[PDB]
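Peer 1: There's a structure below that I have some questions on.
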Amino acid sequence: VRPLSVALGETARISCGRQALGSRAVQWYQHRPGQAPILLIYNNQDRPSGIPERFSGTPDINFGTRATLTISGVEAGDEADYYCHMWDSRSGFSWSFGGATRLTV
Amino acid sequence: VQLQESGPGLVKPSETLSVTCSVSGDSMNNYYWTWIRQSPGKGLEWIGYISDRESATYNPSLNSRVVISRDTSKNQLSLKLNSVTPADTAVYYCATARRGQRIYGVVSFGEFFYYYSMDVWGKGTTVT
Amino acid sequence: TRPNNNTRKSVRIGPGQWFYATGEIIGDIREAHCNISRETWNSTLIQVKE
Ligand SMILES: *[C@@H]1O[C@H](CO)[C@@H](O[C@@H]2O[C@H](CO)[C@@H](O[C@@H]3O[C@H](CO[C@H]4O[C@H](CO)[C@@H](O)[C@H](O[C@H]5O[C@H](CO)[C@@H](O)[C@H](O)[C@@H]5O)[C@@H]4O)[C@@H](O)[C@H](O[C@H]4O[C@H](CO)[C@@H](O)[C@H](O)[C@@H]4O[C@H]4O[C@H](CO)[C@@H](O)[C@H](O)[C@@H]4O)[C@@H]3O)[C@H](O)[C@H]2NC(C)=O)[C@H](O)[C@H]1NC(C)=O
Ligand SMILES: *[C@@H]1O[C@H](CO)[C@@H](O[C@@H]2O[C@H](CO)[C@@H](O)[C@H](O)[C@H]2NC(C)=O)[C@H](O)[C@H]1NC(C)=O
Ligand SMILES: *[C@@H]1O[C@H](CO)[C@@H](O[C@@H]2O[C@H](CO)[C@@H](O)[C@H](O)[C@H]2NC(C)=O)[C@H](O)[C@H]1NC(C)=O
Ligand SMILES: *[C@@H]1O[C@H](CO)[C@@H](O[C@@H]2O[C@H](CO)[C@@H](O)[C@H](O)[C@H]2NC(C)=O)[C@H](O)[C@H]1NC(C)=O
Ligand SMILES: *[C@@H]1O[C@H](CO)[C@@H](O)[C@H](O)[C@H]1NC(C)=O
């Protein structure tokens with residue numbers, strides 16, 4: 001529901017709708033309308049096979065690092081809705097995905 | 001891992017929505033299983049997930065009106081949803097869950113939390 | 001160790017008398033622990049047995 005506009009070839013910076021307290025484990029999802037969601041980042045840096053290395057995330061080194069999804073070399077296939085699914089050590093079970101980001105280049 | 005779902009499409013209010021997802025390729029014992037809902041104009045809403053030993057935890061936001069059940073006799077994941085509303089007219093997706101464990105302290109003190117990652121998803125079916 | 005990050009909050013309670021309490025805790029709520037080996041403590045107790 002939050003629009004973000006970037007140009008072609010730039011590095012897109014998608015910030016999470018919720019901020020970090022304590023140690024975190026953030027999951028990132030790409031959701032084209034009418035298409036299945038795909039796992040991009042789990043355990044805050046691990047990238048499963050099938051995901052190109054254009055998509056990258058920040059490692060969890062100490063406290064204060066903002067969770068941000070990096071899209072280096074954006075293409076036409078990146079037009080989708082991007083999700084930050086956050087877990088942390090003090091908010092307990094995270095039943096909700098949080099806010100959704102509507103990305104349009 | 002492929003998941004293919006099928007639903008009834010339309011029920012009257014306070015009737016049970018039952019979608020059947022066929023899973024093929026791998027064994028049932030090795031993964032956790034879940035169900036995903038997506039309201040139009042809104043985000044993705046969790047409705048719950050099922051464990052191996054038939055234990056399901058439900059949303060406090062949904063006020064425990066959703067029941068996620070399992071029948072391993074015919075190799076499929078099941079869903080039932082009673083007391084339906086026009087706000088439940090949404091697209092339903094099926095997925096599996098991998099229980100990840102992120103350690104931040106001493107394991108023996110319980111200084112850890114469990115998280116689930118969803119890697120394979122269905123195509124989505126629309127019911128109204 | 002006391003491996004949780006605590007902030008010191010100064011509370012005004014009088015002229016010159018300043019009450020330093022524990023402010024908002026940030027980071028992970030973690031228990032204070034001590035690692036008293038296991039291998040050295042094995043040989044220490046055994047020599048206590050003798
Ligand atoms: C008294 O003794 C107890 C008992 O040992 C001590 O308790 C220990 O406390 C530390 C606290 O730092 C715990 O370390 C944590 O361990 C996490 C899990 O590590 C295991 O999994 C990872 C990934 O699978 C492996 O890489 C690890 O292996 C490495 O470490 C072992 C240790 O011997 C080596 O032998 C190996 O060769 C490897 O080098 C383990 O198998 C670990 O994930 C965590 O580190 C992350 O989190 C911190 C804080 O958030 C970050 O700062 C850090 O950078 C790491 O973040 C990276 O990794 C996560 C992984 O999820 C990613 O998501 C991030 O994006 C990022 O990339 C941390 O190091 C330790 O487990 C615990 N011991 C036990 C038995 O539980 C007390 O400290 C000790 N007290 C004193 C005073 O000495
Ligand atoms: C422990 O707490 C202190 C104070 O809250 C932290 O110091 C602040 O750290 C943030 C980043 O996390 C900085 O933006 C502030 O400028 C720092 N303030 C001061 C006065 O230093 C400290 O980083 C925390 N340490 C750990 C390991 O969590
Ligand atoms: C401890 O309780 C106090 C109650 O005043 C909290 O202080 C307020 O907390 C609310 C959140 O509900 C904030 O919106 C306010 O800005 C806080 N006020 C002040 C003066 O700090 C405090 O946050 C609580 N701390 C913890 C760690 O739970
Ligand atoms: C307690 O912590 C200290 C470090 O502050 C450890 O001492 C050093 O440990 C490293 C690697 O473990 C060794 O390479 C050094 O030679 C050690 N230095 C000394 C002076 O011993 C120590 O091993 C820790 N002890 C326990 C029981 O955890
Ligand atoms: C403790 O010491 C005894 C005798 O030296 C030995 O048999 C035993 O395996 C040791 N245990 C550990 C955990 O080191």
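For the structure tokens, the naming scheme is as follows: chains receive sequential letters (A, B, ...) according to their order of presentation, residues are indexed from 1 within each chain, and ligands are indexed from 1 in presentation order.
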Would you mind listing, as a PDB file with N, CA and C atoms, in the first residue's frame, all residues of chain C that have at least one atom within 9 Å of chain B, where only C-alpha atoms are what counts?

Peer 2:
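Output file iface34.pdb is given in full below:
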```
ATOM      1  N   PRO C   3      24.463 -10.249  29.581  1.00  0.00           N
ATOM      2  CA  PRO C   3      24.414  -9.984  28.139  1.00  0.00           C
ATOM      3  C   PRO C   3      23.085  -9.413  27.654  1.00  0.00           C
ATOM      4  N   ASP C  28      18.304  -7.819  23.085  1.00  0.00           N
ATOM      5  CA  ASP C  28      17.641  -9.070  23.417  1.00  0.00           C
ATOM      6  C   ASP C  28      17.524  -9.220  24.927  1.00  0.00           C
ATOM      7  N   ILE C  29      16.344  -9.633  25.383  1.00  0.00           N
ATOM      8  CA  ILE C  29      16.141  -9.968  26.787  1.00  0.00           C
ATOM      9  C   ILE C  29      16.838 -11.294  27.049  1.00  0.00           C
ATOM     10  N   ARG C  30      18.018 -11.244  27.660  1.00  0.00           N
ATOM     11  CA  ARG C  30      18.842 -12.428  27.835  1.00  0.00           C
ATOM     12  C   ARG C  30      19.250 -12.575  29.292  1.00  0.00           C
ATOM     13  N   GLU C  31      19.399 -13.826  29.717  1.00  0.00           N
ATOM     14  CA  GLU C  31      19.731 -14.137  31.098  1.00  0.00           C
ATOM     15  C   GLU C  31      21.225 -13.973  31.342  1.00  0.00           C
ATOM     16  N   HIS C  33      24.672 -15.137  32.741  1.00  0.00           N
ATOM     17  CA  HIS C  33      25.221 -16.475  32.902  1.00  0.00           C
ATOM     18  C   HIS C  33      26.728 -16.411  33.109  1.00  0.00           C
TER      19      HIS C  33
END
```

Peer 1: Identify, with DSSP run on backbone atoms, the residues in chain C assigned to strand (DSSP E), and express the list as a PyMOL selection string.

Peer 2: chain C and resi 8-12+18-22

Peer 1: Grab the atom 21 (O, counted along the ligand's line) of ligand 4 to CA of residue 34 (chain C) distance for me, in Å with one decimal place.

Peer 2: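 Atom-to-atom, atom 21 (O, counted along the ligand's line) of ligand 4 and CA of residue 34 (chain C) are spaced 15.4 Å apart.
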
Peer 1: Would you give me, as a count of residues only, the residues of chain B that come within 8 Å of chain A, using only C-alpha atoms?

Peer 2: 20

Peer 1: Under the rule that only C-alpha atoms and all ligand atoms are counted, which of A:33, A:64, A:21, A:10 is the nearest residue to ligand 3?

Peer 2: A:21

Peer 1: Around ligand 3, out to 10 Å and counting only C-alpha atoms and all ligand atoms, which residues are there? I want them as an mmCIF file with C-alpha atoms, in the first residue's frame.

Peer 2:
```cif
data_model
loop_
_atom_site.group_PDB
_atom_site.id
_atom_site.type_symbol
_atom_site.label_atom_id
_atom_site.label_comp_id
_atom_site.auth_asym_id
_atom_site.auth_seq_id
_atom_site.Cartn_x
_atom_site.Cartn_y
_atom_site.Cartn_z
ATOM 1 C CA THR C 22 17.390 1.305 34.750
ATOM 2 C CA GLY C 23 15.991 2.901 31.596
ATOM 3 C CA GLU C 24 14.578 1.204 28.525
ATOM 4 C CA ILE C 25 16.274 -2.103 27.732
ATOM 5 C CA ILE C 26 17.268 -2.482 24.075
#
```

Peer 1: Pick out the closest residue to ligand 1 from this set: C:49, C:9, C:18, C:4. Count only C-alpha atoms and all ligand atoms.

Peer 2: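 Ranking C:49, C:9, C:18, C:4 by distance to ligand 1, first place goes to C:4.
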
Peer 1: Write out, as JSON lines, each residue of chain C that has an atom at most 9 Å from ligand 4, together with the closest pair of atoms and their distance in Å to one decimal, counting only C-alpha atoms and all ligand atoms, rows going by chain and rising number.

Peer 2:
```
{"residue": "C:34", "atom": "CA", "partner": "ligand 4", "partner_atom_place_in_ligand_line": "28 (O)", "distance": 8.5}
{"residue": "C:35", "atom": "CA", "partner": "ligand 4", "partner_atom_place_in_ligand_line": "27 (C)", "distance": 5.3}
{"residue": "C:36", "atom": "CA", "partner": "ligand 4", "partner_atom_place_in_ligand_line": "27 (C)", "distance": 5.3}
{"residue": "C:37", "atom": "CA", "partner": "ligand 4", "partner_atom_place_in_ligand_line": "27 (C)", "distance": 3.8}
{"residue": "C:38", "atom": "CA", "partner": "ligand 4", "partner_atom_place_in_ligand_line": "27 (C)", "distance": 7.4}
{"residue": "C:39", "atom": "CA", "partner": "ligand 4", "partner_atom_place_in_ligand_line": "27 (C)", "distance": 8.7}
{"residue": "C:40", "atom": "CA", "partner": "ligand 4", "partner_atom_place_in_ligand_line": "27 (C)", "distance": 8.3}
```

Peer 1: Could the residues in this selection be saved with C-alpha atoms as an mmCIF file, in the first residue's frame?

Peer 2:
```cif
data_model
loop_
_atom_site.group_PDB
_atom_site.id
_atom_site.type_symbol
_atom_site.label_atom_id
_atom_site.label_comp_id
_atom_site.auth_asym_id
_atom_site.auth_seq_id
_atom_site.Cartn_x
_atom_site.Cartn_y
_atom_site.Cartn_z
ATOM 1 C CA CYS C 34 28.716 -17.680 33.825
ATOM 2 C CA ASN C 35 30.827 -20.303 32.014
ATOM 3 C CA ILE C 36 32.763 -22.282 34.595
ATOM 4 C CA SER C 37 34.415 -24.606 31.987
ATOM 5 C CA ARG C 38 33.664 -28.273 32.139
ATOM 6 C CA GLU C 39 37.079 -29.862 31.667
ATOM 7 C CA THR C 40 38.971 -27.921 34.340
#
```

Peer 1: Which chains and residue numbers are within 10 Å of ligand 5, counting only C-alpha atoms and all ligand atoms, if I want them as a ChimeraX atom specification?

Peer 2: /C:38-47

Peer 1: Have a look at A:56, A:65, A:11, A:30 and name the one nearest to ligand 2; count only C-alpha atoms and all ligand atoms.

Peer 2: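 Distance minimum relative to ligand 2 lands on A:65.
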
Peer 1: At a cut-off of 6 Å around ligand 2, and using only C-alpha atoms and all ligand atoms, what residues come up? Please write them as a ChimeraX atom specification.

Peer 2: /A:63-64 /C:5,7,27

Peer 1: Write out as a list in words the residues lying within 8 Å of residue 58 (chain A), counting only C-alpha atoms and excluding same-chain residues fewer than 3 positions away.

Peer 2: residues 44, 45, 65, 66, 67, 68 and 69 of chain A
